[PDB]
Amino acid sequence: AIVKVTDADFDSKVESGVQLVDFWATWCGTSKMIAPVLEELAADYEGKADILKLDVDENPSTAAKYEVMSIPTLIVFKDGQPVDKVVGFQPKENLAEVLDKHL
């Protein structure tokens, strides 16, 4: 459902259209809390937007490149450029609202 992405293939994965990138970490309970919400979101947009995951401990470059300081952080990409940032826990509704704002 949700495709993993790393420093190595970020640029090729996030390059065209809309992607919602979830910057998470295994030591953060809040990331674990939104995981299921994103799996359901990814299904609702099974062809409009891609939902990716990036583990910040294994990919500090990318996390650093977009000034990701606190997590979870969710960034919406439009044709390779970040256009929206969401910090903390958010219910499916609030996230869907943000995606529709760019589709």
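The first residue of the shown sequence is 1; numbering continues from there.
Taking the PDB entry as given, 38 to 46 carries the higher mean Cα B factor of the two stretches 38 to 46 and 54 to 62. Here the stretch with the larger average CA B-factor, out of 8 to 16 and 21 to 29, is 8 to 16. In the PDB entry, a CA B factor belonging to the highest third of its chain's modelled residues is recorded for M69.
Ranked against the other modelled residues of its chain, the C-alpha B-factor of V83 as given in the entry falls in the lowest third.
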